[PDB]
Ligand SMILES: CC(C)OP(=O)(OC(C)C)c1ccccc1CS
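In the form deposited without the ligand, a lone chain appears below as structure tokens.
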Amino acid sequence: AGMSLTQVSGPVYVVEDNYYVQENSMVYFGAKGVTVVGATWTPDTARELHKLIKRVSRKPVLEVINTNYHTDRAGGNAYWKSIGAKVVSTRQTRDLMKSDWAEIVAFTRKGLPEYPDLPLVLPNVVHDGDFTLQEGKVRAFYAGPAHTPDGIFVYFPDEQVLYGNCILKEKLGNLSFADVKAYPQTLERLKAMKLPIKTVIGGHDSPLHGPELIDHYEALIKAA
């Protein structure tokens, strides 16, 4: 399929978005409604994810988290805003998006000329620190700069699943926005949290991994 939505554990689902370069995002089906983690690539891909969601639950999509300011994590925002979902980010992600959206859209289109020239659509719910959703069951946090200066992790304590965002994945990638030296220091800050983790969802390549994905990528970036 162009996109799949598949349960990993309980209310926690993984989105495989095979449009453009494959990106993986997440969905949490809660009591009051649905939280989307990563907006997906475009308003069209977001509509496709919403179609999959409505085959699972009739509850509202409450909010979507932009886990960084990039096109693969924020490109769907126009759609999510249009259906009345909140678009949620840290203040840092929001500020970088205002200043740098046009640059990341241009960068995206160098590699993917087919990708649309999307207008800026900023988050409307902005957090100055770490934050939670779903009665504390979706837990977003900053552990430092890595793939971008602002990228966050999201943790699901009940299911022991960590969303790795663009930060954790199988292949190095080309590192154009990364802070190569801070990257492993960020991953070691994350490990020092000692979060119970059964599953890491890589944000690119095949999503389903163990906690060793952290180590895998750490080893790669340290040889970069």
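The first residue of the sequence shown is number 1, and the count goes up from there.
Taking only CA atoms, the mean B-factor in the PDB entry is higher for 172-180 than for the other of 152-160 and 172-180. Between 190-198 and 36-44, the higher mean Cα B-factor belongs to 190-198. The entry lists a Cα temperature factor for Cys166 that places it in the middle third of the chain's modelled residues. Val56: CA B factor in the middle third of modelled residues in this chain (values from the PDB entry).
Sorting the modelled residues of the chain by their CA temperature factor places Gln134 in the highest third. Looking at the C-alpha B-factors along this chain, the one for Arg109 belongs to the highest third.
Annotation for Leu118: C-alpha temperature factor in the middle third relative to the rest of the modelled chain, per the entry.
What comes next is about the form deposited with the ligand bound, which does not appear here.
Taken together, the three residues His70, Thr108 and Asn174 all come within 4.5 Å of the ligand in the deposited complex, as judged by their closest heavy atom. In the deposited complex, the ligand lies farther than 4.5 Å from every heavy atom of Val125. When contacts are judged by a 4.5 Å heavy atom cut-off, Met26 does not count as touching the ligand in the deposited complex. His204 belongs to the set of residues with a heavy atom inside 4.5 Å of the ligand in the deposited complex.
Taking the partner from elsewhere, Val21 is found to have a heavy atom lying within 4.5 Å of the ligand in the deposited complex. The stretch that touches the ligand in the deposited complex, counting heavy atoms within 4.5 Å, is 111-119, out of 85-93, 138-146, 125-133, 111-119. Between the ligand and the residues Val61, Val161, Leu190, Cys166, the one pair within 4.5 Å by heavy atoms in the deposited complex involves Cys166.
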